[PDB]
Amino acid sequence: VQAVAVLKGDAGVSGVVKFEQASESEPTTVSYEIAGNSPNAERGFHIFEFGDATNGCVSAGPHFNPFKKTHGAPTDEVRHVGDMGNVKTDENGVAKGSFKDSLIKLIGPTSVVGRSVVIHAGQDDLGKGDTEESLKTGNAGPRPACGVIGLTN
């Protein structure tokens, strides 16, 4: 099963994200490339519960958290399944990389197909901060571009 999300937004940031997953049990492989970002920096990268943008951030809901846990890093055990941490950007504001995850799935009751992918304007504190806030969004601030995860191939 393959999915893909196209990131747009009136911020000059844009890009495409691809998902590959052979079976529900096996891990999903995330691949991404995003330009328009600040040069040499880290930017949050989350999957929101809904894809509905009929009212922007608000209609999208919080970070896709099917297992009712707090915000964290992709490394940590306690994390929203939609926590992809931070993506690094080169000297041209382009973030390009990939990774595998065992929580994110394109199949089954926790499928992220139809939910949205967003990249923020700030760095995600991975929940390692003080505030309750840190354990919710991670302080990645504004979100310059997003997209809905759709079936493809």
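Sequential numbering from 1, following the sequence displayed.
For the pair 45-53 and 99-107, the mean B factor over Cα atoms is greater in 99-107. With 123-131 and 27-35 compared on mean CA B-factor from the PDB entry, the stretch scoring higher is 123-131. Taking the PDB entry at face value, the top CA B factor among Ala145, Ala140, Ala22, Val16 belongs to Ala22. When all modelled residues of the chain are sorted by CA temperature factor, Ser59 is found within the lowest third. Per the PDB record, residue ranking by Cα B-factor puts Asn92 in the highest third of the chain.
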